[PDB]
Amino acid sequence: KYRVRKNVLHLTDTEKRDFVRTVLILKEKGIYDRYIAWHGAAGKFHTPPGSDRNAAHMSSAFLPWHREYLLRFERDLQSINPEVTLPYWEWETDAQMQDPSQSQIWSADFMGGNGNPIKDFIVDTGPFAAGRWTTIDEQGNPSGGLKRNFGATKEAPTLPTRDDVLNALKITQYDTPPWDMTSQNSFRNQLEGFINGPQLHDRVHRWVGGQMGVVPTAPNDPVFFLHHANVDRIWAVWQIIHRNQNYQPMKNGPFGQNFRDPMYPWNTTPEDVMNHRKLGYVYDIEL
């Protein structure tokens, strides 16, 4: 419990110019791509083969898989600049605005704005605008520039609300059988957004649109990591208030989903990442 992680809205200007600069360095060095690829790779590892569950989504491991992913990413940030931690995008509060698109998390000094509808929704403002930031597709080849299209779908016109988050936090069980999108009374499935969906996580992806709207390719947008830090924060909060609850399934879920199974593409297990402060970080709202 040392490295913090702060609300994007509470970050000094200097902190943002430094976060963005560090992300650009990781991209230049070839490291950022590894994260895009890892995510896509996990999506093709079905547990078991033929199931809709995969190593990183639509099943128990969703939360610890992303925790590990962010942890590795934050370590790579810190190897460049030890003062840089991963911030979180508190979307539930942005949802309160008339036009969430006006949030400072899209400012030209940070993540840049919505896509330009005249350009096939290509982001042309901010540090990740086309020409300054190249994306890759699922073959692993350059794919022409970041796209975003806020709230453009009928299923996800708006971001999740504070009440949506509070309601998820009331759920007592981490997950329930059959450990997939049909799980009910499950914190995991609720937060992932498949109970009467899309809700929460799944809704944020859909709301942002562009690369974020396609799960495999989503990490092409740096906001992906901000989004997931918020998901991780919500989980950490759930763990704090439900101290006697533990990860499920403990055993006899599909291989890759159990407490002590390795999470492809790594050897890391859910047990390894259950306690976030032991990992070396904390969320501001804890302090």
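All residue numbers refer to positions in the sequence shown, first residue = 1.
Note on 186 to 194 vs 149 to 157: mean CA B-factor is higher in 149 to 157. Legend: mean Cα B-factor per stretch from the PDB entry, 84 to 92 versus 97 to 105; the higher mean is in 97 to 105. Annotation for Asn54, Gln245, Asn220, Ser60: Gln245 ranks highest, by Cα B-factor. Take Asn116, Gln139, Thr176, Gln211 and read off each C-alpha B-factor from the entry; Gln139 has the highest. Residue-level temperature factors show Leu166 in the middle third of its chain, judged at the C-alpha atom. Residue-level temperature factors show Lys27 in the middle third of its chain, judged at the C-alpha atom. Looking at the C-alpha B-factors along this chain, the one for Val215 belongs to the highest third. Ranked by Cα temperature factor within the chain, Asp180 sits in the lowest third according to the deposited record. Placement of the Cα temperature factor of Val231 within the chain: lowest third of the modelled residues, per the deposited record.
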